[PDB]
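Here is the structure we will look at, set down as structure tokens.
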Amino acid sequence: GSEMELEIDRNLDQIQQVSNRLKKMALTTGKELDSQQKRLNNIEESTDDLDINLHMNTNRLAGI
Amino acid sequence: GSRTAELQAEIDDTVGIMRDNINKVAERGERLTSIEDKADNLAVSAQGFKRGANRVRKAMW
Amino acid sequence: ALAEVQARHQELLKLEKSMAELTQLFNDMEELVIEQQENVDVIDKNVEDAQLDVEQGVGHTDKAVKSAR
Amino acid sequence: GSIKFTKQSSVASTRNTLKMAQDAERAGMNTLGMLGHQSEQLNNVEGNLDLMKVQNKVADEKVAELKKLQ
């Protein structure tokens, strides 16, 4: 009988199908992390800039 | 034989991409910890500004 | 062919080892992103809170100016 | 004897490889889902920051005038 050989082939078939999807997911995940990293960099800078502006105006108001 | 070798090659490539991704998510985590700290600062400063402005509003009144 | 089935088995073991590493990477990635969710939640909340206070603060400076004039 | 044993071993190996691959896929799909959700949250953050920039411009000018009036 060829039962074990056939199962090896069928298991490899399924492993190949999933593997294809894993590769696509890894690539997509990388691109998304790339995109979000630049977004996070900008968020950090903007947050800091706002914080400074707020402290400045708070100090100015204190004197009024 | 060739199908299995091709599969191995694809899996090895995917491991490489995922190792890259792990390094990237660490960079993302570091950035998020920093932004959380700064967003906390921002909330505090915003509240402080609100209060200070209110105090001037009452003063001018 | 015992040699041939033995050789293929060695290829399959290699595949299994590589998949084990790959699965560990996907697992670790998921965990790290779950952890990072905490940060994103707090950031969203703080920035939202900040925006509302700034809006209130500007409102106060407007009324202050109205009086000072 | 040894051929049958080796083939049985190969079957068991491929079964485990498939099981792990399916586990990896679940994890990866969850990860993308979460990254998408977090992207949406960060979009909200981005909008709020943009709004605060505008409000700080207004605040700068009101504070400036207040100082002039005192």
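Residues in the structure tokens are numbered from 1 in each chain, the chains being A, B, ... in the order shown, and ligands are numbered from 1 in the order shown.
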
| field | At most 8 Å to chain A: residues in chain D, only C-alpha atoms, as a count of residues only | value | 28

Per residue of chain C within 9 Å of chain B, note the shortest atom pair and the distance in Å to one decimal, counting only C-alpha atoms, and order the rows by chain and increasing residue number, as CSV.
residue,atom,partner,partner_atom,distance
C:8,CA,B:1,CA,7.9
C:11,CA,B:4,CA,7.7
C:12,CA,B:4,CA,8.0
C:14,CA,B:8,CA,8.0
C:15,CA,B:8,CA,5.9
C:18,CA,B:11,CA,6.8
C:19,CA,B:11,CA,7.0
C:21,CA,B:15,CA,7.4
C:22,CA,B:15,CA,5.3
C:23,CA,B:15,CA,9.0
C:25,CA,B:18,CA,6.4
C:26,CA,B:18,CA,7.3
C:28,CA,B:22,CA,7.9
C:29,CA,B:22,CA,6.2
C:32,CA,B:25,CA,7.3
C:33,CA,B:25,CA,7.6
C:35,CA,B:29,CA,8.6
C:36,CA,B:29,CA,6.2
C:39,CA,B:36,CA,6.1
C:40,CA,B:32,CA,7.2
C:42,CA,B:36,CA,6.7
C:43,CA,B:36,CA,5.2
C:44,CA,B:39,CA,8.5
C:45,CA,B:39,CA,9.0
C:46,CA,B:43,CA,5.6
C:47,CA,B:39,CA,6.0
C:48,CA,B:43,CA,8.5
C:49,CA,B:43,CA,6.3
C:50,CA,B:43,CA,4.4
C:51,CA,B:46,CA,7.4
C:52,CA,B:46,CA,8.5
C:53,CA,B:46,CA,5.6
C:54,CA,B:46,CA,5.4
C:55,CA,B:50,CA,8.2
C:56,CA,B:50,CA,6.1
C:57,CA,B:50,CA,3.8
C:58,CA,B:53,CA,7.5
C:59,CA,B:53,CA,8.5
C:60,CA,B:54,CA,5.4
C:61,CA,B:53,CA,5.6
C:62,CA,B:57,CA,8.3
C:63,CA,B:57,CA,6.2
C:64,CA,B:57,CA,4.1
C:65,CA,B:60,CA,7.8
C:66,CA,B:60,CA,8.8
C:67,CA,B:61,CA,5.8
C:68,CA,B:60,CA,5.6

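Coordinates place atom CA of residue 10 of chain B at a distance of 14.2 Å from atom CA of residue 20 of chain C.
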
Might you pull out every residue within 6 Å of residue 27 of chain C, with only C-alpha atoms counted and same-chain residues fewer than 3 positions away left off, and present them as an mmCIF file with N, CA, C and O atoms, in the first residue's frame?
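Saved the output as around.cif:
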data_model
loop_
_atom_site.group_PDB
_atom_site.id
_atom_site.type_symbol
_atom_site.label_atom_id
_atom_site.label_comp_id
_atom_site.auth_asym_id
_atom_site.auth_seq_id
_atom_site.Cartn_x
_atom_site.Cartn_y
_atom_site.Cartn_z
ATOM 1 N N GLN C 24 7.779 29.874 16.333
ATOM 2 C CA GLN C 24 8.197 30.600 17.532
ATOM 3 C C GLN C 24 8.267 32.102 17.254
ATOM 4 O O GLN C 24 7.858 32.921 18.089
ATOM 5 N N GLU C 30 3.304 38.037 18.033
ATOM 6 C CA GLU C 30 1.962 38.234 18.560
ATOM 7 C C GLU C 30 2.017 38.731 20.000
ATOM 8 O O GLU C 30 1.332 39.688 20.362
ATOM 9 N N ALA D 27 -1.385 32.954 14.752
ATOM 10 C CA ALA D 27 -0.650 34.031 15.409
ATOM 11 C C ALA D 27 -0.454 35.232 14.488
ATOM 12 O O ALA D 27 -0.677 36.383 14.890
#

Expressed in Å, the length from atom CA of residue 69 of chain C to atom CA of residue 69 of chain D is 7.1 Å

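Using only C-alpha atoms, the smallest distance between any of D:57, D:43, D:48, D:12 and chain C comes from D:48.
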
As a check of understanding: the span from atom CA of residue 16 of chain C to atom CA of residue 23 of chain D is 13.4 Å

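Minimum atom-to-atom distance to residue 20 of chain D, evaluated using only C-alpha atoms, belongs to C:17 out of C:9, C:41, C:17, C:1.
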